[PDB]
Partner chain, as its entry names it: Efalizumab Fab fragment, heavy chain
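The data below hold one chain only, encoded as structure tokens and taken in the form solved without its partner chain.
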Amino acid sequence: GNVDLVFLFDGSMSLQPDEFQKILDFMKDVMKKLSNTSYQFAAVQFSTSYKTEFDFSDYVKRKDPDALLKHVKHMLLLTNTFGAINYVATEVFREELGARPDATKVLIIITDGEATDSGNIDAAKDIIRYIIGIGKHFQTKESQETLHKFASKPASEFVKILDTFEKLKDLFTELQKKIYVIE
């Protein structure tokens, strides 16, 4: 059926210009591949606070991915992941913002560091949540587990750990192998 997918990307102080660009490229690639499908998209940059770069209505109005993200500016601040996730659940997934009523909700969280805040993401528990942890900040198994709480279960399918930002290209390659025209 319909799929309303939200990209919640890390814009923290740790990211180098090229790394931030690779995150933007990844989001665009998936969007272009899935253009003219039953998917609709929204994008929110998060660091200390949260900013919807374009919401569902924006995408519907102008499907152009490159145009939708041409205005993004790297925040360069903290990594308040609990707040960011709750922000999507209540401020982005809204009918008035273009979200479709009984559409399946999906969240693709991309981050390069552990969350600097805490609390709960209970309000977002019914959204299908994928998280992509990139870079040396996720070298240890300990740091990787910290991401499970944000993603759906099992972690084996929903939590993806990438050692480099270059690997985002590999991940896109792999996701395309999972694309099918369903009966």
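Positions refer to the first chain, counted from 1.
Form deposited with its partner chain bound: not shown, discussed below.
- Taken together, the three residues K51, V60 and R94 lack any non-hydrogen atom within 4.5 angstroms of its partner chain in the entry with it bound.
- Contact annotation for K28: at least one heavy atom lies within 4.5 Å of its partner chain in the entry with it bound.
- With a 4.5 Å cutoff on heavy atoms, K70 counts as touching its partner chain in the entry with it bound.
- Among heavy atoms of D126, none comes within 4.5 Å of its partner chain in the entry with it bound.
- Its partner chain is not shown here, and in the entry with it bound it never comes within 4.5 Å of any heavy atom of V159.
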